[PDB]
Amino acid sequence: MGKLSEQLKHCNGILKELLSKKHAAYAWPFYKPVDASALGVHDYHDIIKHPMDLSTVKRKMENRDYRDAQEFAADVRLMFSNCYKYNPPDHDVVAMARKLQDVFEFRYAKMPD
Ligand SMILES: C[C@H](O)COCC(CO)(COC[C@@H](C)O)COC[C@@H](C)O
Ligand SMILES: C[C@H](O)COC[C@H](C)O
Ligand SMILES: [Cl-]
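Just add 1204 to wherever you are in the sequence shown, counting from 1, and you've got the working numbering.
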C-alpha cells in the first residue's frame, strides 16, 4: 500500500488516539456509522447528506484513500459537523463531539511541517 507520508503518519497517530480507551467516554458515538433505523432517526439521511465516522476514516487511511493531511482533517471535521447539524446544541452528544474535537484540533495543530 506504500508508506504513509510523515504528515499522514501524524494523522494516523491522531486517529489511533481518537479510538483509544482514554477518550472512549466521549468518543464512542463516533466509532461506527450512524444506524438511522436502529436509533429511530428516520430523518437522519435527509439532513446528513455525507455521513462520516471514525471507522470509515480508519478504513480510508488503511486503504490509502487520503492523499494528504488536509483530506483526512476534512473528513474528521465533517463527522463533527454532521453531529452539530443533526442534534440540538444542548444535546449530550454535542458536548461529546466538542470534547473529541478539542482532542483532534489540538493534536492536528502539532502537525510536522
Ligand atoms: C449520551 C448519549 O445520549 C449519546 O447518544 C449518542 C447517540 C445514540 O447512541 C449516537 O450519536 C451519534 C452521533 C455521531 O450523532 C445519539 O443519537 C441521536 C443522533 C444520531 O445523534
Ligand atoms: C466545539 C466546536 O464545534 C469545535 O471547537 C474546537 C475547539 C478546538 O475546541
Ligand atoms: Cl477542513
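All residues carry an ideal CB built from backbone N, CA and C; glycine is no exception.
Reduced DSSP category for residue i - H, G, I as helix; E, B as strand; rest coil
i, result
"residue 1250", "helix"
"residue 1314", "coil"
"residue 1259", "helix"
"residue 1272", "coil"
"residue 1267", "coil"
Buried/exposed call for residue i, threshold 16 Cβ in 10 Å
i, result
"residue 1323", "The question about residue 1323 has no answer, for the chain in this structure spans 1205 to 1317."
"residue 1310", "exposed"
"residue 1218", "buried"
"residue 1231", "buried"
Own chain, CB closer than 8 Å to residue i, minus 5 neighbours either side, in chain order
i, result
"residue 1259", "1235, 1236 and 1237"
"residue 1288", "1298 and 1301"
Length of the line joining the Cα atoms of residue i and residue j
i, j, result
"residue 1244", "residue 1306", "29 Å"
"residue 1264", "residue 1239", "19 Å"
"residue 1224", "residue 1246", "30 Å"
"residue 1254", "residue 1279", "10 Å"
Contacts around residue i, its chain only, beta-carbon distance under 7 Å, and the 5 residues preceding and following it disregarded
i, result
"residue 1277", "1312"
Cutoff 6 Å; reference residue i; Cβ partners in own chain excluding five residues on either side
i, result
"residue 1250", "none"
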